[PDB]
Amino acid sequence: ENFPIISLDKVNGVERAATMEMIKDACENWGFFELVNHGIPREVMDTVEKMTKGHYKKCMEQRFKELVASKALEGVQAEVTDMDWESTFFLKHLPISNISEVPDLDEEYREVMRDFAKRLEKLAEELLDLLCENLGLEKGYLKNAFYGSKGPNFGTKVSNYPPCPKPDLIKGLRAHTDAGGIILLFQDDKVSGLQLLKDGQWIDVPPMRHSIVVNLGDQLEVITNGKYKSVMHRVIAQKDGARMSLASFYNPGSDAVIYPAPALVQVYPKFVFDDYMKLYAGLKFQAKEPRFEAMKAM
């Protein structure tokens, strides 16, 4: 009944069996769990926060100079209330790290993001193995399924944003389930603003400090033949706090072939991960014959 909050270090000790049973239960009945004692140092997370926030502040300062100047163009005084406070960019890590070639980051920043990205990779694969165990599969199974030819895709979206101006503005807002593998979310403050649908109703992720919030995608549901369902959610920015998010995605390689583990077995489909995303981006129906085939299906 309570949202799973899990002290990962307990898997090294006498409490392991009960921690694995929480992980199992979250996987089966929540789709989500919040990790503490997960092995990424407080100091590293605090540095990632500070520096991301430093870069945000800079791009905001620059962005106001530019608003003032374009607005002057149209014979218009730009106010600070005209600001767009949302800023988001990505960083690839696997198979090829583009961290070196993304515009406008300090070197000291890129190296911090590098290290942090290696740490979370390592954490992800550990999590996948513990899922394997609970699941009766072999160590490495999911990392292997996710491998494809060149490897799993892994990146981190880095967001900075203001609070929602009022909750009823979210009233009518569609949620989703994530299409990929396993997602690890790192935020600032105490309140995420992250919510999951459970039995028709919205449950808040409980505020923690130095936590990582883990959730399973569509792909893990297929490989488990539905045993672990990817779950609907949303994330709304609270006046309370959490103005920054790092959402890192450990997804199957583009060419990877996804399908329910034979041991774990209606039957979920088999398919190449990239075709799941091409369905997703709307690039599987820009021809006529596909389209006619789909309307015959409905």
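Quick note: we count residues from 1 along the sequence shown, nothing fancier.
Coordinates are lacking for 4 to 9 deposited residues between residue 265 and residue 266. Per the PDB record, of the two stretches 107-115 and 79-87, 107-115 carries the greater mean B-factor over its C-alpha atoms.
Taking the PDB entry as given, 51-59 carries the higher mean Cα B factor of the two stretches 28-36 and 51-59. Ranking 206, 95, 162, 217 by Cα temperature factor from the entry places 95 first. The PDB entry assigns the greatest CA B-factor among 128, 173, 213, 179 to 173. Among the modelled residues of the chain, residue 42 sits in the highest third by CA temperature factor in this PDB entry. Ranked against the other modelled residues of its chain, the C-alpha B-factor of residue 247 as given in the entry falls in the lowest third. When the CA B factors of the chain's modelled residues are split into thirds, the value for residue 143 lands in the middle one. In this PDB entry, the Cα temperature factor of residue 256 sits in the top third of its chain's modelled residues, the highest group. In the deposited entry, the Cα temperature factor of residue 199 places it in the middle third of its chain's modelled residues.
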